[PDB]
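Peer 1: Right, I'll just put the structure down here and ask away after.
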Protein chains: 8
Amino acid sequence: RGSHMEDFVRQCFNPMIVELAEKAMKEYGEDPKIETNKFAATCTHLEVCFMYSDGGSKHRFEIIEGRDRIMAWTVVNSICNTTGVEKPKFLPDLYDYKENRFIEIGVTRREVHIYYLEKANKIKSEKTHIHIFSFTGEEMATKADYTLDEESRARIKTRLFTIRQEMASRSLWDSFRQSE
Amino acid sequence: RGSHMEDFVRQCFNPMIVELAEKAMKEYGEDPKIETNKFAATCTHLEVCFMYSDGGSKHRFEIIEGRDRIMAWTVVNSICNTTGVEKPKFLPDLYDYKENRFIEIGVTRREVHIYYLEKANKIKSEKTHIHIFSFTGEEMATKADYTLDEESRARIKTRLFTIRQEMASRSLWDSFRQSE
Amino acid sequence: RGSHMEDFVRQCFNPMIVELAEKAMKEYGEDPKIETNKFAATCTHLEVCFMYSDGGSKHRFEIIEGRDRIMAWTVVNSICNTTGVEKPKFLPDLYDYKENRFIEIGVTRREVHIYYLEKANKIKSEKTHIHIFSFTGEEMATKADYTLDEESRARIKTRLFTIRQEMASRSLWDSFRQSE
Amino acid sequence: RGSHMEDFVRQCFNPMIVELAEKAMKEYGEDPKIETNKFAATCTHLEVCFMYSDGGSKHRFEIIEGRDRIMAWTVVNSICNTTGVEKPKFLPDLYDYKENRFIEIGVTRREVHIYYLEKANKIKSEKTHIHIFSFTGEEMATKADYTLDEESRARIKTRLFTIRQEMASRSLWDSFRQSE
Amino acid sequence: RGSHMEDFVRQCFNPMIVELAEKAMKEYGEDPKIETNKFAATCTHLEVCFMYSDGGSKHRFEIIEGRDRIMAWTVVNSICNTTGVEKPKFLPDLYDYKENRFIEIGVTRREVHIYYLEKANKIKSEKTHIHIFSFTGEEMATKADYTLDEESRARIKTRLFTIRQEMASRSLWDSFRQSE
Amino acid sequence: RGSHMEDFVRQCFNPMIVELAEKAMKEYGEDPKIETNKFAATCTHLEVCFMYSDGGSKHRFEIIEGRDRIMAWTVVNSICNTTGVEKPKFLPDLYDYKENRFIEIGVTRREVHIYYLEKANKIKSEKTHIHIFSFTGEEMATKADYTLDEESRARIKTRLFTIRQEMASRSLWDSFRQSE
Amino acid sequence: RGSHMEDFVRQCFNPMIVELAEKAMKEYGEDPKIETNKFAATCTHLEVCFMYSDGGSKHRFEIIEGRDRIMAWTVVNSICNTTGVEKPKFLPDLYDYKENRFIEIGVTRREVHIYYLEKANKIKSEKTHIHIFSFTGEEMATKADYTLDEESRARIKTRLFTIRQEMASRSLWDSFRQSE
Amino acid sequence: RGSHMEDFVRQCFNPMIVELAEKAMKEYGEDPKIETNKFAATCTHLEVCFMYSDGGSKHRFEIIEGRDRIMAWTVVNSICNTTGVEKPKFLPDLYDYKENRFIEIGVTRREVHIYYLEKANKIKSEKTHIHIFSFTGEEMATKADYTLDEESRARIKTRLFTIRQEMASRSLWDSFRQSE
Ligand SMILES: [Mn+2]
Ligand SMILES: [Mn+2]
Ligand SMILES: [Mn+2]
Ligand SMILES: [Mn+2]
Ligand SMILES: [Mn+2]
Ligand SMILES: [Mn+2]
Ligand SMILES: [Mn+2]
Ligand SMILES: [Mn+2]
Ligand SMILES: [Mn+2]
Ligand SMILES: [Mn+2]
Ligand SMILES: [Mn+2]
Ligand SMILES: [Mn+2]
Ligand SMILES: [Mn+2]
Ligand SMILES: [Mn+2]
C-alpha cells in the first residue's frame, strides 16, 4: 500500500494505541494498511477513551474499549453481576463506578447532533450514558451530564483539534472528513 | 501433578502475588502443586488485601498479610505499642491508621453470613474489624462500616466475579466451589 | 569558547532542560557556547515554566514553552479553536484550563515592575495573564491573581535564589546581572 | 571491626539512606564501622526526616537534612531570602512551606521531655519548630502543633518501634539505648 | 473455550513469543483459543528459530520467521537483491550470512525422516537449507551440514524434550502428538 | 510542510538517529521538514556508519559522524596526536584502531564508481580510507580493502535495499533517486 | 533468632542468591534463621555454581542447581534423553555441553582430598565429573580435568577467600569452620 | 569555592567516577572543591583504570582502585592467598589473572620516563607491573610488556588527549600541568 495516512497514524499516536487499534481491526476483519481512515479513527477513539478514564479520580472508570471482545465482555458481566445493572446489548467503552453506568464514547466528523442520534438509536437501552466528541470542538452528553470536569474535557477537544491540524497540514484531512 | 488449576492460577494472578502465595503455603506446610484450590484461594485473598489497601488515602493502611509470620507479627507489636490497641490473638490482614483498628479480610464461596459468623467466632476479640467479600458479589462488614468507598469495594467485587468466570470457562469453578 | 558559565549551566540544570534550551537558541540563531548568559536565562525560564505547570492540579496547564515553534503554535490554535479564546499575537508559555487564559512567564534581573511593563506593552492583547518572577524573590501577576498556591510560588523563588547563589559563588552573577 | 550493628544497619535501612548517613558521618569525622550506634542513629533520624516530608501535600516540605552542609545551607539562605524568615543559627532538618517555619526533628532514646529541652536550649531562636519522636512511641512538638496528620505520625512511630524490636531481637538494643 | 493447553502455552513460553504466535495465527485465520495444539506448535517453532539465530556469531543470521508476511518478504527481496540468491517460492525462517543460504526450520512429532521428505518436496528449490528437529531428540539437516555447533543444537533438543515432559506431566502430550 | 517523506523517515529510522540527523542538518542550516530527501539521506548515512562501527571487534572503531562539529574535530586531534596520523582536511566518519586510518563512508544512489571518484577528489589526502555503499547492493573500497567481514557488509546492503523498497512502496523512491 | 551470621549472609551475597538459598533450605525443611552456617554454605555453593557457568563460552553449561527439585530433575531427563548420558542417581549442579558430562560442585572447609572422597563415594556412577573448591584456595577435579580456564577458577578462589576474611573479621569464621 | 575546574570535572567525567573520586579524596582528607587539580587527576586516573580493565578478555582483571581501602586490601589478600603472589607494600590498581601480577597505573603530566622512575622507586618490590600513560600520548610499561592490545591502549591515549584539549579550551590546562 504505502499510504501517507498509515505512516502519519504511526507517527501521531502512541505505539501501545497503534498496536491496540491494529489488533482491534484485524479481529473484525479490517486491514489498517488498506483502510487507513478507519485506522486513524480507531486510534483517535482509543486515545479519547484513555484520556477519559484518566479524568477524575483513580479507579473511577473501568476501561472496556481496547480489550479483546471475549475479555471485554467478561468484565461487563462482572460489573453487571456486581452492581445489578442491565447487560448492554452492544459493547460499551467504559463503566463509571461513581455514577454506576456504562459510557459509550463517540468521535464524529459531522455535527455532534447527528452522531448522538445514530448512537442513541442503536443503543435502545437508554441506561448506557452517551458522550460524543467532535474534531472541531463540540461535545454532547446524555441529560447534559458530561461526567468529567470541564478541564479534562477541554484537554480532549484540544488534542482532537491538533489531530485535525496535523492531518490537514499533510493534505489528508479532507479524505478523513469525507470518510465517515 | 500437572493440574489445570495450577496453570490457571499462574496465568490469572500477578507474579508477585503467586510468589507470595507460594511462600505462604510452603511456610505452613502446603503444596501449591497438589492442593491447587487453596493455591487459588490464597492468591485471591492476597489480591483482595492489596486492592483494599490501595483504596482510600496513601499510607492509610498497614499491610500485614503477605509478610512472613515473624515479621508480620513484628509490625503488629509496633502498631499496638504505638497506638495502644490490644494485641490480636490471630494474625490479621491490615491495620487502619484512619479508624485505628485491624481488619480481617475474608473471601468466601458460600453466603457472606456464614463466613462472617465463623470469622467472628475465632476472633473472640471484638476489636478487630471484619470485612467479608463473596465471589457472587456481596459483602458484610462489622457494624455495617465498610471502611472504603463504594467505588473501591465495587472494583474488588468485579474482579472477584471475573475470577469465577475464568474458572467456570475452564470447567474448574465447581471444584473450587465445593472446595471450601 | 570554554566559558565557566556554560559548564555551570550544564551542571546546574537538568539535562532535558539544557537540551530544550539548546534546541531553542539554535532555532532562533543563538549560540549557547558563545552567549552563555542567554543560555542560563533560557534554562532558568524553562525550569520556572515546568515547575509552574507542576503546581496545582494534574492536566491543569498546557505547556507551550519548550516545544518547537510550529508545534507550539499548533497547540495554541487547538486551544483557541476549542475554548473560543482570542489567538495571541506572540507565543505564550502556558495555558490555564482552570482559568481559561494563557500565561506569559517572566524571570527578571531588575525589579519586577519594569519587566512587567515591557511585557504588558508587547502583549497589547490584555487577555494573556502575566506572571513575573525575580531572582531576589519578588513576583508580580496580573490583577494580583497569582494563579498557583503560595507554597508552589515559594518553591520557585527559593530555586531562583539558589541559582543566584550558585552563580555568585563562582563569580559569574555580576556578568549575568548586567546581561539583561 | 566486624560489628553486628553495622551489618544490621545495612540490612535494616534503605541503601540510599545508608549512603547518605555514611557521607554525613565521614564529613563530620565519624567512622560508621567503629561508632555503629551513631551510624544507626543517623540512619534512623534520616529515615524519619524522609517520611516526615512524605507526609502531607507534595512540595509542602523542603528537605534540608541529607544534603552536604554547604548546599544544605545554600537552600536555607534561599528560603530565608524568599520568605523573610530569620536565618537559623544551627542547621535545621526541613522547612514547611505551608506553615512558613523550619522544623528540627529529633529521635530520642529517653523520654521526649528531656530531648526537647536540650533541643530548645541550643535553638535559642524560638522560631524553628521542634518535633521529637521516641522509639517507645511518644512525640512532643512545639505549641502542641504536630504539623502532620495523625496517620502520618503514627506510621513513623510504628517504624521506630520495629527498629527497636529488630535490634533487641539481635541483642543490640541495650547497647544502642545506653549509647545516647 | 478454556483449554488446559492454552493456559499451558502461556505459562510455558515467553510472552513475546506467545504474542508473535498469536499474531501469526490470526493473520492466517487461526484461533489460538480453539486450535491450541497449533498454538503450541507455533510457539515451539518460533522459540526454536530464535535459539537457532542465537547460536553462532552475532549478526550471522537474519530472522525471517516472526515478522508479518509483507515485511518478512521485504527482507527476503533485500537479501536476494544483495547476495544474488534465488528468491524462494515459500517463506523461509532464517538466512545465513556465513553460508549464504536460507534455512527452513522444522519441529516434528514423528521421525525426522518423514518431515524432511515433506519439507524437501514442497521446497522444490534445493537451494534452501533444511534443518529438522524432533521432540524426542533427533535432527536431520541437508547434506549432513547442521550449520551450528553441537552445543547450540544440543540446547535446542534439551528444551524440546522439556516441553514434551511438561505436556505429558499435564496429560496433554498425547493430544499434541496425534495432532500432527 | 506535511511531506510523506518526513513521516516515513520518522517511522523508518531509530529515534536517536532521527534526532542526530535533525541536529546535524539544523547545525548546517538545513530544514528536515522542507528538504526531506536530505533528511532521509542523513539518517541513512548515519545508520550505515553505526552498523559499520558495530562490525568487527569492540572498541575497534571511533565514531566521528554524529557528534557536533567542534567535538567531532576534538576527537580527530586526539587520534592524530596519539597515533601520529596526518590531520584530515575534511571531517571523516570513523577511525580504525586496527588499521590505523580514518574511514569516509558514502551511500550513493548512482553507480559506486562515480561517487568514489567525487569522494577521492575532495579527499586529496589519500591516507583516509574510502568505503562506498549503494542502495542496489554494491560497494567499492580503497585498495579493495573492505575492512569488515563479508557478513557485516552484507547486513548493511540488505538494510539499504529494504529502505529503497519501503520508499518505492510509498511512491517516494523516484524523488529520492533523482535527488542526488 | 537475631544471629550475626544471618545478617552477614544477607549483606554479603546477592539478593537473588539469598532468595534461592532460602527457597532451597525451606524446601528441604531447613531454617535459614536458625541454622545460619548452612545458610552461608548454601549461598556460597550457589554463587560458586553461578560463576562456574559464567566461565567459558555462552550456553556452554546448563544450570541445574538453584532450580526447584522437580524442574531441576526435568532438565536432567531432557539432557539425558537428548545426549544419551546415563541418569545420575543424585541431583548434580551443572551440565557441560562441551564435554558432555554433568558436574558436581563442592565447597569444603577441610582439605579438598577428604571432601572429594566423600563426594565420589556417594556418586558411585563415575560418569559425573567432580570439581571441589576450598576456602583457603585449593581445587581438585576428576582426572585433573578442571574444565574451565585458570583465570575463571582463580576468580572463584579469590571470592572464596574474601568470604572467609569477611567472616573472620566479624569473628564468625571459627563457628563456620567447625560447622562442616 | 566556585572553581571552573570543579564544574568541568563534573561535566567531563561520568557521575559514578566523580562519586568514587570524591569518596577517595575525602577518605584521605582531601577536598575536591578546594584542590580541584587533584580532583581532576583522581577522576582521570580512575577512568584510565576502568578502561584498562575493560580491555582484553572478560574477568581478566580484578579492579582494586576505586574500592575503599579496607575492602581494596581484602581483595589483595584473597588474590595473594589464592595465587601465591607476594603481598604488595602499597595498594596497587588492578590484578592480571592472565599474567598473574598486579598492575600499578600512572597518568603523568611530564615525560613518562620520570614518572615511572618515581613509581619504581616506591615500589621496591619489582613484582608489581607498572604501566604509565601520558596526556600527550606516550606510554611506558615494565619490560616493554604493555599487557593489552595496541587498540585498547590507543583508546586510552585518545581520551587522555581529549581531556587536555577540553581543559586548554577553558584555559585550565596550564594550572593542571604545573600542578603535578
Ligand atoms: Mn467501543
Ligand atoms: Mn465508542
Ligand atoms: Mn491473613
Ligand atoms: Mn483474611
Ligand atoms: Mn515563551
Ligand atoms: Mn516567558
Ligand atoms: Mn539535622
Ligand atoms: Mn534533627
Ligand atoms: Mn519452519
Ligand atoms: Mn561524515
Ligand atoms: Mn560519509
Ligand atoms: Mn547441588
Ligand atoms: Mn554441589
Ligand atoms: Mn595508579
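One is the number of the first residue shown, and numbering goes on along the chain from there.
Technique stated in the header: X-ray crystallography, 2.3 Å.
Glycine is no exception: its Cβ is also placed from the backbone N, Cα and C atoms.
Not my notes, these are from the PDB entry:
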type: SEQADV; residues: A:1-4; note: expression tag
type: SEQADV; residues: A:55-57; note: linker
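Straight from Swiss-Prot, here's the annotation block:
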type: BINDING; residues: A:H45, A:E65, A:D93, A:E104, A:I105; note: Mn(2+) 1 binding site
type: BINDING; residues: A:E65, A:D93; note: Mn(2+) 2 binding site
type: MOTIF; residues: A:109-124; note: motif 'Nuclear localization signal 1 (NLS1)'
type: ACT_SITE; residues: A:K119; note: active site
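Looking at the shown structure, what environment does each listed feature sit in?
Peer 2: Non-local neighbours of the expression tag (A:1-4) in the same chain are 33-34, 36, 170, 172; each lies 6+ residues outside the stretch with a CB under 8 Å from one of its CB atoms.
The secondary structure of A:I105 (Mn(2+) 1 binding site), as reduced to three states from DSSP, is extended strand.
A Cβ distance under 8 Å defines the sequence-distant neighbours of the linker (A:55-57), meaning residues of its chain 6+ beyond its ends; these are 98, 147-149, 152-153.
Close to A:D93 (Mn(2+) 1 binding site) in the fold, though at least 6 residues off in sequence, lie A:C49, A:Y52, A:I63, A:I64, A:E65, A:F102, A:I103, A:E104, A:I105, each with a CB less than 8 Å from its CB.
Reduced to three states, the DSSP call for A:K119 (active site) is helix.
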Peer 1: Long-range same-chain neighbours of A:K119 (active site), Cβ under 8 Å, sequence gap at least 6?
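Peer 2: Same-chain residues close to A:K119 (active site) (Cβ under 8 Å, separated by 6 or more) are A:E104, A:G106, A:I130, A:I132.
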Peer 1: Would you list, in sequence order, the residues of this chain other than A:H45, A:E65, A:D93, A:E104, A:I105 that have their CB within 8 A of the centroid of the site's CB atoms, where the site is the one recorded for Mn(2+) 1?
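Peer 2: So the additional residues around the site are A:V48, A:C49, A:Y52, A:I64, A:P92, A:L94, A:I103, A:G106.
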Peer 1: Cβ under 6 Å from ligand 1: which of the binding-site residues A:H45, A:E65, A:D93, A:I105 qualify?
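Peer 2: From A:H45, A:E65, A:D93, A:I105, counting a Cβ under 6 Å from ligand 1 as near, the near ones are A:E65, A:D93.
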Peer 1: Could you find out if DSSP has A:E65 (Mn(2+) 1 binding site) as helix, strand or coil?
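Peer 2: Note: A:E65 (Mn(2+) 1 binding site) is coil by DSSP, not helix or strand.
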Peer 1: Show which residues of the chain containing A:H45 (Mn(2+) 1 binding site), separated from it by at least 6 in sequence, have their CB under 8 Å from its CB.
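Peer 2: Same-chain residues close to A:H45 (Mn(2+) 1 binding site) (Cβ under 8 Å, separated by 6 or more) are A:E65, A:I105, A:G106, A:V107.
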Peer 1: When you measure from the Cβ of A:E65 (Mn(2+) 1 binding site), how many other Cβ atoms are you left with inside 10 Å?
Peer 2: 22
